[PDB]
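Participant:
There are 2 protein chains.
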Amino acid sequence: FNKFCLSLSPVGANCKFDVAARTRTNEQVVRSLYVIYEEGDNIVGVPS
Amino acid sequence: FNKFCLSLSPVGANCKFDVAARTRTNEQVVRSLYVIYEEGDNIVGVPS
Numbered sequence: 622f623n624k625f626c627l628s629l630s631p632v633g634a635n636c637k638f639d640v641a642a643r644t645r646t647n648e649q650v651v652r653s654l655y656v657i658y659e660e661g662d663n664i665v666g667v668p669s
Numbered sequence: 622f623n624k625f626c627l628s629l630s631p632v633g634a635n636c637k638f639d640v641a642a643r644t645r646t647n648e649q650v651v652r653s654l655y656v657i658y659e660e661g662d663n664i665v666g667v668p669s
């Protein structure tokens, strides 16, 4: 990414993730996490 | 338009505009402005 931010308020958000409580059977959504980003190459995620 | 309204609350909104702070380089969104409208011909925007 060139930019990547997480937010608890949908202002400028580009997309959102669904936060859920996963139990023995059913998985249910409790909150949404907002994501602001710009595709690019300055920032790289890594496994470590 | 037959109808055109601006709102600060997304109830009935048909679409929204993105309000941003444009600086020397980066442009970033601060607020959203909601638009309620019906296509038609009763109301015309004008340059003056």
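Protein sequence lines, in the order shown, are assigned to chains A and U.
Residue 669 is where the first sequence ends in full-length UniProt numbering, and the numbering goes up by one at each step.
Residue 669 is where the second sequence ends in full-length UniProt numbering, and the numbering goes up by one at each step.
Where is the CB? At the ideal position from N, CA and C, for every residue including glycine.
Do the stretch 631 to 640 of chain A and the stretch 648 to 657 of chain A touch if we need at least three Cβ pairs shorter than 8 angstroms?
Facilitator: Flag = yes, the stretch 631 to 640 of chain A and the stretch 648 to 657 of chain A touch.
Participant: Could you tell me whether the Cβ of residue 633 of chain A comes closer than 8 angstroms to any Cβ of chain U?
Facilitator: Cβ-Cβ to chain U under 8 angstroms: yes for residue 633 of chain A.
Participant: Quick one: Cα of residue 642 of chain A to Cα of residue 648 of chain A, how far?
Facilitator: Each residue's Cα considered, the two are about 6 angstroms apart.
Participant: For residue 664 of chain A, does the three-state DSSP call read helix, strand or coil?
Facilitator: Reduced to three states, the DSSP call for residue 664 of chain A is coil.
Participant: Quick check: residue 623 of chain A and residue 661 of chain A, are their CB atoms within less than 8 angstroms of each other?
Facilitator: Yes, the pair counts as a contact, with Cβ atoms nearer than the cut-off.
Participant: The stretch 639 to 663 of chain U: which residues have C-beta closer than 9 angstroms to a C-beta of chain A, in chain order?
Facilitator: Within the stretch 639 to 663 of chain U, the residues whose Cβ lies closer than 9 angstroms to some Cβ of chain A are 639, 641, 649, 650, 651, 652, 653, listed in chain order.
Participant: To the nearest angstrom, how far is the alpha carbon of residue 668 of chain U from that of residue 652 of chain A?
Facilitator: Using only the alpha carbons, I get a separation of about 45 angstroms.
Participant: Rounded to whole angstroms, what's the CA-CA distance from residue 632 of chain U to residue 626 of chain U? Just pull it up for me.
Facilitator: Between residue 632 of chain U and residue 626 of chain U, the C-alpha separation is close to 12 angstroms.
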